[PDB]
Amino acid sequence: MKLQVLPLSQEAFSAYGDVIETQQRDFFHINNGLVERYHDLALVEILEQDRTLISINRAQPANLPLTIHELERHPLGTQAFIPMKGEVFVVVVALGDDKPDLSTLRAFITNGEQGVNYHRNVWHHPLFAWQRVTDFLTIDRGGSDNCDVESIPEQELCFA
């Protein structure tokens, strides 16, 4: 079928993780307002101390139209991605215990000022960029270990 891609917002994303962004978020005035601290945007929840790792994933832009047929999940850790030069990107997510719960399947496009943190065990699509090669500051467990991949009905993202 067709998967409609919608604007990313914290509320629409909240069942799946957290949106990293400043717009309309509560902050603390630090150093007599020299810094505005937009606090507690996401929580890293990783099983092993020694595996709370910062990396950079440099991702090629997808060809469009874009069709998807599987999602991946990381039971052992959250996974945050924050584009490093203001890039818009696209995310697909689903809840579901053993397998993607297809009724929970949603797709979002960011506004270029947003990163995402997927909660542990939440289904999402493998990382890809939008339009241009994009470096994504990553905070996750790293490796290719304890990643479950499950097929989904083939569908085409629609940016109407």
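Residue indices: 1-based, along the sequence shown.
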ask   = Mean C-alpha B-factor higher for 17-25, or for 141-149?
value = 141-149
Higher-scoring stretch by recorded Cα B factor average, 110-118 or 30-38 = 30-38
query = Looking at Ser55, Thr52, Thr67, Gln60, which has the biggest Cα B factor in the entry?
reply = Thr67
note = Sorting the chain's modelled residues by C-alpha B-factor and splitting them into thirds places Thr104 in the highest
request  = Comparing against every modelled residue in the chain, figure out the third that the C-alpha B-factor of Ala129 lands in (lowest, middle or highest).
outcome  = middle
request  = Comparing against every modelled residue in the chain, figure out the third that the C-alpha B-factor of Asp98 lands in (lowest, middle or highest).
outcome  = highest
B-factor third for the C-alpha atom of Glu48 within its chain = highest
